[PDB]
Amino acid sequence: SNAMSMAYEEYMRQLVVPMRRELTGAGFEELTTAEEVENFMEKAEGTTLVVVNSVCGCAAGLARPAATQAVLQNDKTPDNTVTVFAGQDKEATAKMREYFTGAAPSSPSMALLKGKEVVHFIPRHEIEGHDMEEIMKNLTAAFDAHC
């Protein structure tokens, strides 16, 4: 029944909070709603780092840390930073992904935008199995190319 299900979602909701704050406390704006995604993307100017967040280990161990560090450490940096949480905010991420023309869905993943156009994409396979150094070098070389 829904009672157990309500409880399960609330519990997963609570455990997911630090997984959000990890990005949001670093200045990444949460887009938790398909409308919020449209709002941002239809107005976005200059460069944007989009992080498609996720609960899995490699989001925790590689993607989130790499994204927040690249942004804080690099001379050249995106004008905006935002995130959608795959698997948790489904409509938000499905809406964001509509803008990633050409890309398949994956999680975690990252896009560098100019306006609402992708100019650099980092799919899950470019993240999983690699180490921080590689991934941050990936991001920063992209920041330097585009930001």
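In this text, residue numbers run from 1 along the sequence as written.
Stretches 112-120 and 34-42 differ in mean CA B factor, with 34-42 having the higher one.
Among 103, 51, 94, 58, the highest C-alpha B-factor recorded in the PDB entry belongs to 58. Compared with the other modelled residues of the chain, the Cα B-factor recorded for residue 128 ranks in the lowest third. When the CA B factors of the chain's modelled residues are split into thirds, the value for residue 69 lands in the middle one. Residue 23: CA B factor in the lowest third of modelled residues in this chain (values from the PDB entry).
Sorting the modelled residues of the chain by their CA temperature factor places residue 80 in the middle third. Ranked by Cα temperature factor within the chain, residue 142 sits in the lowest third according to the deposited record.
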